[PDB]
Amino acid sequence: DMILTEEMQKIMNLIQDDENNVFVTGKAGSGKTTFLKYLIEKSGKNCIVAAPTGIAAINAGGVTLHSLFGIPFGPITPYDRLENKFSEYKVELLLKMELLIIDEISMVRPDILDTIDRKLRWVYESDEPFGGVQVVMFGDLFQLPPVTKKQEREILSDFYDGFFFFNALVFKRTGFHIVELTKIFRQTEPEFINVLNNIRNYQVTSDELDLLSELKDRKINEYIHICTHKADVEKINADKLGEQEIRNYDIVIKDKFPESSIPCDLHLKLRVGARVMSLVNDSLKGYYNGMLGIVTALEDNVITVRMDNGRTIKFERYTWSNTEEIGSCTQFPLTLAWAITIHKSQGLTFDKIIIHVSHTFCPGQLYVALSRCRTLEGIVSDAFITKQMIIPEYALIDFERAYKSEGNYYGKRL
């Protein structure tokens, strides 16, 4: 029931005939990730798939960029020395790879792409960008941008003219075609589609937004909550958890580990039937950051979860390090997940959603929230949708103007 469009066929043929890098873009729900999976299945190339968030990576069938390439947290400058500590298994996988596929490219920082370039040139012992691997990037720059803190932007501004993937320094040595998928599949209502598109490109009017008046406090566990803020996610999850038959698991912290740096729950509260997400990758055991499941049993030292993909996993406690090394913390690598942030929702489709957007603070955040849903009637909102929720990023206007006027190509022409 997947439709192969002529645009998709042309892009397939482009990637097979032309070794250039490619950005496949298009609006929310235009079939980008669906086509990604088609491209790989049909290409004869060895492909590896990655994405910046764990949820998006799982949705595309791959792994996070940070896991695949062993990337540390925090900004990486071109002068920082990288630990090249790949196992032989990982080196071999990266050497066999012919095509690197990255989904949700909009959330990829430019220093992440440059780190990937540097690590691949080290693995391949080559001066070719990305070690000579062909890179195909999928996404929508008008959805969420990469997560950066103010201090990180300050550090990065010495080397980067902006904070989107196309600002990476590697694009002074290589470049990419931009191709687009222009048919929307996720939604089917033309007026809903028109308002989504005009929110996306900042052109929406007051009159167009009137279509969304029925969202706020709409009268109706089928509705999925997606929120701008983690504090809201935590409240909704605690509500849905309840107080019946709860088990609590306390973190053990050992020495230095600021509380604002702890990656896990301080007091993990669970029950049988609880919707949860894995926080860590363990490919040997078949689980990965962002994988979703349902708790089926709780014990002293083991939490049993039936994953959405049908696997039952027995989670034991995991130990994080804060480094060199000074302190550590130990806790089950699980967190409740009925509710999720909008950043985590990017890439997913839902029939029924409740969005908490009374405070938006990222370009593309409102657009991602609304565009998750297949129909207008399936959205409930905590707030009236207004133009103040839209935050323009004019560097994206400049970028599209540049490539559209220069032959749908960006970066160094080869």
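Numbers follow the displayed sequence, beginning with 1.
Engineer: If the chain runs straight from residue 182 to residue 183, say none; otherwise bin the unmodelled deposited residues as 1 to 3, 4 to 9, or 10 or more.
Structural biologist: Per the record, no deposited residues are absent between residue 182 and residue 183.
Engineer: Please say, as none, 1 to 3, 4 to 9, or 10 or more, how many residues of the deposited sequence are without coordinates in the interval between residue 220 and residue 221.
Structural biologist: Count of unmodelled residues in between: 4 to 9.
Engineer: Averaging C-alpha B-factors over each stretch, which comes out higher, 385-393 or 360-368?
Structural biologist: Mean C-alpha B-factor is greater for 385-393.
Engineer: Comparing average C-alpha B factors as deposited, tell me which of 40-48 and 25-33 sits higher.
Structural biologist: Averaging CA B-factors over each stretch, the winner is 40-48.
Engineer: Using the temperature factors in the entry, find which of 198, 289, 301, 106 has the highest value at its Cα atom.
Structural biologist: Answer for 198, 289, 301, 106: 301, with the highest C-alpha B-factor.
Engineer: According to the deposited entry, which of 151, 134, 187, 167 has the largest Cα B-factor?
Structural biologist: Going by the entry's C-alpha B-factors, 151 comes out highest.
Engineer: Using the B-factors in the PDB entry, rank residue 342's C-alpha atom against the chain and give the third, lowest, middle or highest.
Structural biologist: It belongs to the lowest third of the chain when residues are ordered by C-alpha B-factor.
Engineer: Just say lowest, middle or highest third for the CA B-factor of residue 122 relative to the other modelled residues in its chain.
Structural biologist: According to the entry, residue 122 has a C-alpha B-factor in the chain's middle third.
Engineer: Looking at the temperature factor on the CA atom of residue 114, which third of the chain's modelled residues does it land in?
Structural biologist: For residue 114, the deposited C-alpha B-factor lands in the lowest third.
Engineer: Check where residue 141 lands among this chain's C-alpha B-factors and tell me if it's the lowest, middle or highest third.
Structural biologist: Residue 141: CA B-factor falls in the lowest third of its chain.
Engineer: Taking the chain's C-alpha temperature factors as the reference, tell me which third residue 99 falls into: lowest, middle or highest.
Structural biologist: Tercile = lowest for this residue's CA B-factor.
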